[PDB]
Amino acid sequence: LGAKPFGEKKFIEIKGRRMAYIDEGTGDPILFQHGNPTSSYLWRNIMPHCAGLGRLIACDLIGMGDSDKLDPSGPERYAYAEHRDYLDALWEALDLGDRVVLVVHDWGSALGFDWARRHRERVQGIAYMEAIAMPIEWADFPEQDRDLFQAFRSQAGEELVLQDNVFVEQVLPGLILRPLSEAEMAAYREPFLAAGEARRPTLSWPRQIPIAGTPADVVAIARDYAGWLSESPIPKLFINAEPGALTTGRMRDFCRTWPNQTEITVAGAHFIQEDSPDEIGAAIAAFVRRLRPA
């Protein structure tokens, strides 16, 4: 529990942009990456469990958290390839070394799994949850939000997201089992208080999801790391959720097939970090300890 952020935000300029992140401690980094429509804040009650286990880092994706907005912004801004271009340069700047443990969720898993494949030699371990593990079909998508997501990927997505901020105000609270506090909702809605383009990142993300073959570039990237992950001996901690949301059904069947993997299930829907922060935190800290004996 806790509405307070973990650590203090530091800033660094990337491709003329300036991105925000948390960088606490020393040693090999334990990289936590949030997805849509959150920020580093999502890991505020989990990162504490890893204290003294390494350099704890949580980056705010471009256009998200305290990171700068891209401008001009529009229907083509914030696609996956653009977020990766900024995340790659941010991770390079932070001098992470070659024994990085990745802790990912949602789009962070898409970005994390991809970076991991491209930089496999540098990856010590991967702890993932409610992730985009492979390209999917609509039938694999959580039914309660299926029509809503098909709507984000239609001309109605602009009104829903840019005008009404649906992903932050409806999706987020809706996929967390416990009632959030006033301060916790403030921290999540802060980067998107302004109607219009400031919220563009939270609409471009659902349009990037590799569902029913589109978009093709993202599908290919996901087909890429899913293939790789299924055969990689890199240690993995799969934090499964009940009832879970995204990583259930076929995708979960698939993830349960990955090598050298430890699994645990915690209570939660999608943004499970809000429902079982300590169960998740404890597990990750244990995972890292076994990966870093001493």
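Quick note: we count residues from 1 along the sequence shown, nothing fancier.
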Practice task
Taking the mean of the C-alpha B-factors per stretch from the entry, tell me the winner out of 137-145 and 174-182.
Solution key: 137-145
Problem - Higher-scoring stretch by recorded Cα B factor average, 14-22 or 267-275 - result: 14-22
Completion exercise
Looking only at 48, 27, 63, 244, the Cα with the top B-factor belongs to 27
Handout entry: Residue with maximal Cα B-factor (values as given in the PDB entry) among 156, 187, 116, 129
Key = 156
Exercise for the section: Give the position of residue 72 by CA B-factor within its chain, expressed as the lowest, middle or highest third. Expected result: highest
Completion exercise
Entry-reported C-alpha B-factor of residue 202 relative to its chain, by third, is middle
Practice task
Can you work out whether the C-alpha temperature factor of residue 52 puts it in the lowest, middle or highest third of the chain?
Solution key: highest
Practice task
Sort the modelled residues of this chain by their C-alpha B factor and say whether residue 94 lands in the lowest, middle or highest third.
Solution key: highest
Practice task
Using the B-factors in the PDB entry, rank residue 35's C-alpha atom against the chain and give the third, lowest, middle or highest.
Solution key: lowest
